[PDB]
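Below you'll find only one chain, the form deposited in one PDB entry, shown as structure tokens.
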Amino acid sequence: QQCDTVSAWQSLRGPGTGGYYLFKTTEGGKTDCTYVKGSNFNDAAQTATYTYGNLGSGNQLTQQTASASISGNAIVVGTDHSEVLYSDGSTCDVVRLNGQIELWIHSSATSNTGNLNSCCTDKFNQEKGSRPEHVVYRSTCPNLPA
């Protein structure tokens, strides 16, 4: 019931393999197959390399890298501070960034998007209020870089 979230670092790192697709967001105009993928995890410093992007041309994911870090209860990539609203550290995250509510899903969770952690879906549904949602992930998205 309490749906106790993991820490921002535990969210960022996740299972420590694979990556995350943006599943739902309040933000319109988002490019299909938006994703992030962490690597080079430094548990002591709570830093990682992020590779991120979305669907580009030629049915290929774009890739750009950045240092990811933690500030308070936010995952920091460039100037973006994504505040962790709920994460299980395993399969899904709900974050707030630039006013938007975002539900991210691990690559392992993409085949059953109707059976996600109830804590994630409840948090997303509560926090979006009356704002329309947008679905960004589709099954035909390419696999993540690696």
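Start at 1 and count along the sequence shown; that's the residue number.
If you look for the form deposited with a small molecule bound, you will not find it shown, but the lines that follow are about it.
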query: Partner proximity in the deposited complex: residue 34 to the small molecule, non-hydrogen atom cutoff 4.5 Å; finding: no
query: The small molecule contact at residue 124 in the deposited complex, heavy atom, 4.5 Å; finding: no
query: 4.5 Å heavy atom contact, residue 136 and the small molecule in the deposited complex; finding: no
query: The small molecule contact at residue 86 in the deposited complex, heavy atom, 4.5 Å; finding: no
query: One stretch from 75-83, 109-117, 57-65, 25-33 that, in the deposited complex, holds residues within 4.5 Å of the small molecule by heavy atom; finding: 75-83
